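Residue numbers (the deposited numbering), protein chains in the order written: chain B, 1 to 428; chain H, 11 to 65; chain I, 11 to 65; chain J, 13 to 63; chain E, 11 to 65; chain A, 2 to 440; chain C, 2 to 451. Let me begin by presenting the structure, written as structure tokens, before commenting on it.
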Amino acid sequence: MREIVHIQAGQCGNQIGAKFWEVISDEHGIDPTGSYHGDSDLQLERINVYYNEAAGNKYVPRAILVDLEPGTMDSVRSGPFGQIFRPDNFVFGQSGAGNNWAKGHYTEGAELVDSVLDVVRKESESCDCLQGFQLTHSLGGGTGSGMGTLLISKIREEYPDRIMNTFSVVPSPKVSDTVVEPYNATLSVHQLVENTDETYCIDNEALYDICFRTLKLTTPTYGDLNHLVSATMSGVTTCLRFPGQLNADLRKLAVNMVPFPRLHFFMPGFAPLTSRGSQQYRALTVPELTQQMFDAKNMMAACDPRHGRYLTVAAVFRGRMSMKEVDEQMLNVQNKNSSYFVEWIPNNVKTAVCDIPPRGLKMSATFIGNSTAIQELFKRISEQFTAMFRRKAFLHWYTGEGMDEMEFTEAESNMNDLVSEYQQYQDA
Amino acid sequence: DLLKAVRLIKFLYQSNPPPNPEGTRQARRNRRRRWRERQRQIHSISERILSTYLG
Amino acid sequence: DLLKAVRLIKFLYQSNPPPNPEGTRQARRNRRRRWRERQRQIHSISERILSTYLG
Amino acid sequence: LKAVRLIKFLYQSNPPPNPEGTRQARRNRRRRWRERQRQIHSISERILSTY
Amino acid sequence: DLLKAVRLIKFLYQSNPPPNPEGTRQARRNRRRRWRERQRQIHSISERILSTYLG
Amino acid sequence: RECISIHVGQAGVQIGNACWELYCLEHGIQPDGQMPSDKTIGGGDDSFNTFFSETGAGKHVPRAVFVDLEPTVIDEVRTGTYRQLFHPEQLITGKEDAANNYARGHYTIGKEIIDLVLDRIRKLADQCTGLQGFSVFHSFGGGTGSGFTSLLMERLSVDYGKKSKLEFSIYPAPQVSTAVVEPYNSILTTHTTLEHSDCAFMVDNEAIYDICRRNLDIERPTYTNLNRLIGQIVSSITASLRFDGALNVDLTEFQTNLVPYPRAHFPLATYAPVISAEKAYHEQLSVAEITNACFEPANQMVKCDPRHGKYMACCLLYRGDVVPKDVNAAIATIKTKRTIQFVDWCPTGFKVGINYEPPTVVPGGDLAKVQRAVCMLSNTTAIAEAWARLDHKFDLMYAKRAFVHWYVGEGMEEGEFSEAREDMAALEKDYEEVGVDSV
Amino acid sequence: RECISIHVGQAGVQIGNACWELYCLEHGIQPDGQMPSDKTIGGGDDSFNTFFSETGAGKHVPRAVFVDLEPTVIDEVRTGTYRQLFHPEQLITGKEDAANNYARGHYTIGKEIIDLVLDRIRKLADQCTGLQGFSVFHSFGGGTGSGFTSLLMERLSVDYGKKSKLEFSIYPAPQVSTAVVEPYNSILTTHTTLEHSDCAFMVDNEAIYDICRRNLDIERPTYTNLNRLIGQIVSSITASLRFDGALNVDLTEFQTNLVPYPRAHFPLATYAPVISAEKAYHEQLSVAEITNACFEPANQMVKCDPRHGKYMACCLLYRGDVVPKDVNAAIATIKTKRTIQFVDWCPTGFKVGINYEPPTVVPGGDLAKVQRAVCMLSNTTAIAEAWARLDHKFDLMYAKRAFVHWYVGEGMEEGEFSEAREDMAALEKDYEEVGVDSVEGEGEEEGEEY
């Protein structure tokens, strides 16, 4: 009736996916044994959306995952639910990553992505029907950007009438193993802006900025970082995986949120900023704990309350609270802003109060929405590009395999078009 | 076929020289990079047409 | 002249003679190394002389 | 005859290029001179070694 | 013009004796040494007759 | 995680067998063949104890290449502290060596020995498919030195496609040297083997002299001390591949992390927390002084002022062995507050790397038990003067046309020396044109 | 299985009498004249009691025709230490000795007894119907040498048909022998004994000399200790037809899985888990180091690097005495890793053959109570270095022209030596060039041989 696949990638996308399904099975508890731990027996359809049929009421994901560094996945296979996966995900080798964008983009990945497309093709039809693709994809490594871009391309020529869910980690000046990542960014979203349906500007140095400064956490590690981002995107996709009365479907989300179908970079924030470490243990009521919904300095993107131009919002609650206070809070935060009074955006009243039982909390407060601060994120990406490229530095690492300069030139033409269009929107 | 192979090289020379190398930005250096890689692939096709045809 | 130029580079390509495969595998490897030297130098100068005409 | 005409035709087909720029391509130009003169002499000695 | 000069250099080639199986192992090393010495001088004379006649 | 190393020159074979003896002593690879930690004879190949190959019935050999034209060096190696388990079938040597020059070993007498070692390289290249570059040991004038390398790097870059490699160039020291024409072979080696390279770093024997006589207060300038120190340094370098830890990245990752340009190619290996029996007794080890003592002039392989030395990169290597906790504490205790003079229009992201599973320290040497490693592989654009001084001495000795007659009748010409001067002048003036900070 | 045993030359007759008396002490043939276990005269009539059958006089005598024109070896097989246990009247002496000259045997000095050996093989070939081939004890140049084996093989291939011709072609050590001319007969071996044969083996003498001087430490560097160890290897190979039972891995599938090709004709042998008489003091009986020292040069007959010789076949053989379930118990010991370089078009697994009945131990030698064995016999391309060594020896001798006028005025020809060189080159290139993985024929554009 409604099925979503499980394709992952990268060396960081795979581990954030491991944490993702760990924390979204935290409220499900689906055992890997076969004792049939039912979360809710009326939710056979809403376990079948993600955990698909393999036996009699044994529901497992469409578990296929690929990378050339097997140590990370062999480490995360010994997790809480790290063994409830089909013996078909193990499609890989030992060629190495090396933070090489060309080998994931052009040379090494072209001999291995055929097996991945074959297994997703032979796994897609083994259900009622196909509805959605999803991917936890990263840019911190080298291979992941290239093979994710080529996989999105191949699913464009192979499955055009299907949505794909593309998580995308933005580069970071604060945590970085190698620094070539401006080149890993300027020719990754060069075609991703016209290849996929919806994307995410989950940042990394704004994310570390809110992890360090505005939370005062003594854990600058990938552990609590993955905990926070997995909780945030779990609160995001809880709406899509639990359709109570609202939280419209896949193309329906693309219908009401995407004008000018390149401007599909919505920024997922989260209100209470609960974190393993310093914790606040009161029942989160609506107004004074959903007051962290509108503040632009409290999300996974570098923004500004006055230097910001929103044109869509979304809020999917989880507690059994009322909606009058939600509506008056929305009225205040939507009538307060002078720059928000533009000729566009007549109606974005989509807000959910669905009774979904959470993992450690009892409610939630999620933000999903576009802005023009993604333009200044791409502006600092562009200034890193000018720091790295204006003397053609470090291009000998990558030009030997299959690349040249004119792909970068058309990428910069697309960046100039994006900057010009978003500046036109800012002064419209 | 030898006179064919010399008169075509003559027509790769003749009909299209490099366009006027003056464009109103630094993008004319970019299109001169296009044309030097274009002469690189003319090198390519000219070593095809003598070695994979008469060799 | 283009006629004499490409006919003469063809004539020196005829000065890239068929080999003498007599010998052991090590003598054939030395012959292979001489072949790689002559092919490398001669196609590099073929593309260079083509670029000195146009490409 | 045609052999020495070929050799001197290739000799005059190696002109000295103009000195201009911030001395990047000049070393490649010297390398091109010395190498291409070496294989034109190689072609000369091969042609006059068969005969 | 130098078609007799290449016959002169082919006579320098013709000044080569056989490598003498009837030759003591110290002595045909000397034949090889005077060989490489004389073609060092021949290479100097060759770049002489290449550079000087081109003017 | 597999690579086979070649070594040429007398000092090259010396540092090679010293470093391989240190490897076999610190992995437990005994002269009994097997390692006693498990039940595999000869050696092993699991993840990082991977310097072997299944030659016999599980028999594993410390795969390396030891080449020198002078024949007694492999004999005095083979009667050393690691006696009989070196290879009885690939120790290929000549009869009469080039005897301290360049031209004869390269052009004339090595031309019938290059193909023999090339065939040996092919026979060892028919073996296991692990390949992450090379490790070439050579000097400028030690044994054959430049004569093999100047031909075999071209042969590797033509015959073996475009495969990556790495080489070791022993930068000489005129106070303990044995030749006078070292500017000529140095300038020739530097225009030849560096333009056909993928990675390299130069180690100065005069730097070892400085850190021994001027920083450690020992009074013995012998090549055994140099061999042990090079064994320690190259063991610390290779310990990323040799032992797996938190950031156990490959040498391919290092060489695709370091080099910015074909000309901008060389690092400044910064490792001088100098130690012996004197400077290891009852001291205390901390992550402040060993890291603060890096940028100073009397810690460097090649001499540079700290303010005048501009770091294009500041890569670092740690032997770790206790925690990554104190390393990620020193990333703020030392590394975060670094507003030191840098290069313009380039990223200023400091890199650290920790590799656990301790390599055992040298037995029977001089240094006592030590823990930390500060092998900070930075780079310096102001090492143009470190070869410009040799170019100045080569100018003052080359206008006199000294030692030219030994380098005339072996194939080359005066245009080759003019081209070598042109190449080093091009490298230097390119550094003061765009390498040193410009607009 | 009643194959005809031919033994010519001094080594052939020497190891023939030695190995057949080893069968006598193995099958219980006492110097009385008959066994005390089975009372059938001469020999038995079981499946394994089949080498000894009724041909002579009703007494089932041991079956081996002993011919050699050197008369002293026939004398010391007639007057050794056993006088009646062999054929009582069928050993015919030779009248004039070849005296270390091979070329006299094929053309001049051995032609008078070719009719007699044809009569003997017609006598011993119209016998019982079991005949899987010939147990040839080949030699090169000691007595007659390759002469009688050569003429027997050629007239047996053009007159008797297409029977198998199992050879023990000994390639002896020049240190212990006295001849120098031996490369000439060892390279005429390819012309006159290799093409018209059908299956062959290899026995050697250099490795036994190497272990007897250095490793086994026996002060006997002569043909006697070589006979003492080659007797063990001949008993080991004949134990397939000699020890019948549940695991009788006999010659039938053995001849199938040895040789793949016409000129892959030459196998290899690696039997050396030996324990000496000075090691015969209740030492370690090992099933681990005999598996761990297989590809080391100690077991190898010729010192070759396994790192360069690819294998198109591998025939494992562990003959013990302890348990038939120890077959499985030793399958699960060391066979799991075995990452050995192979041709890309050959199988991988290892056959298993055991003889769990314990044998009778040979006394008075340099061996303990040997019960278990390892032998990794196969056809390897790593004998290309040994044949290149032999061809280097022959090229140096042909440049020196030693005994050429000795070896041309009797029936040979310089063009015959050229054709023998081409036959040796064919046996080389089926192991040097064709024998290595020839994958470079698929397709690529670099300037190769299209």
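Each residue gets a CB set at the ideal place from its N, CA and C atoms; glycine is no exception.
Going by DSSP, what residues sit across from residue i in a beta bridge?
i                 : result
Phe85 of chain B  : DSSP, once it has assigned bridges, lists no residue as partnering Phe85 of chain B.
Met377 of chain A : A:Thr271
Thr366 of chain B : B:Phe270
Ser168 of chain B : B:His137
Residue i: which of the options sits nearest, CA to CA?
i                 : options                                   : result
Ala65 of chain A  : A:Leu217, A:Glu254, A:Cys20 and A:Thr223  : A:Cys20
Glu279 of chain A : A:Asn216, A:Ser241 and A:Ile234           : A:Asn216
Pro29 of chain J  : J:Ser56, J:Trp45 and J:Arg58              : J:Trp45
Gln11 of chain A  : A:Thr51, A:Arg121, A:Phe141 and A:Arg84   : A:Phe141
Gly354 of chain A : A:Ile332, A:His8, A:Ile16 and A:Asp367    : A:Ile332
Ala174 of chain C : C:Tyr224, C:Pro261, C:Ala99 and C:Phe404  : C:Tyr224
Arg41 of chain I  : I:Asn26, I:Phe21, I:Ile55 and I:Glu57     : I:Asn26
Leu289 of chain B : B:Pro305, B:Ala301, B:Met300 and B:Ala271 : B:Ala271
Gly143 of chain C : C:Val260, C:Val182 and C:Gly57            : C:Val182
The ligand MN and residue i: does the residue's C-beta get closer than 7 Å to at least one heavy atom of that ligand?
i                : result
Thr56 of chain C : Although the ligand MN was asked about, the structure shown includes no ligands whatsoever.
Do residue j and residue i count as a contact pair if the criterion is CB distance below 8 Å?
i                 : j                 : result
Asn89 of chain B  : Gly142 of chain B : no
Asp327 of chain A : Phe49 of chain A  : no
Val49 of chain B  : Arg241 of chain B : yes
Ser145 of chain B : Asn195 of chain B : no
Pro70 of chain B  : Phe85 of chain B  : no
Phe202 of chain C : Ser165 of chain C : no
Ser339 of chain B : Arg309 of chain B : yes
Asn186 of chain C : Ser147 of chain C : yes
Rounding to the nearest angstrom, what Cα-Cα distance links residue i and residue j in this structure?
i                 : j                 : result
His137 of chain B : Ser153 of chain B : 14 Å
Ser40 of chain B  : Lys40 of chain A  : 53 Å
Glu32 of chain I  : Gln49 of chain I  : 20 Å
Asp47 of chain A  : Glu55 of chain A  : 12 Å
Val16 of chain J  : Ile19 of chain E  : 14 Å
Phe212 of chain B : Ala206 of chain B : 10 Å
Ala383 of chain C : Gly310 of chain C : 4 Å
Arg105 of chain A : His197 of chain A : 21 Å
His105 of chain B : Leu286 of chain A : 45 Å
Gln245 of chain B : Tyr208 of chain B : 36 Å
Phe266 of chain B : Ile155 of chain B : 22 Å
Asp114 of chain B : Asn347 of chain B : 44 Å
Please tell me whether residue i has its Cβ less than 8 Å away from any Cβ of chain C.
i                : result
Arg46 of chain I : yes
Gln49 of chain I : yes
Can you find a CB in chain G that lies within less than 8 Å of the CB of residue i?
i                : result
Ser56 of chain E : The structure shown has no chain G; the protein chains it does contain are B, H, I, J, E, A and C.
Of all the CB atoms in chain I, is at least one closer than 8 Å to the CB of residue i?
i                 : result
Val118 of chain A : no
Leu60 of chain J  : no
Establish whether the CB of residue i and some CB of chain H are separated by less than 8 Å.
i                 : result
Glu405 of chain B : yes
Can you find a C-beta in chain B that's less than 8 Å from the C-beta of residue i?
i                 : result
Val182 of chain A : no
Taking CB distances under 8 Å as the criterion, tell me whether residue i reaches chain J.
i                : result
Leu18 of chain I : yes
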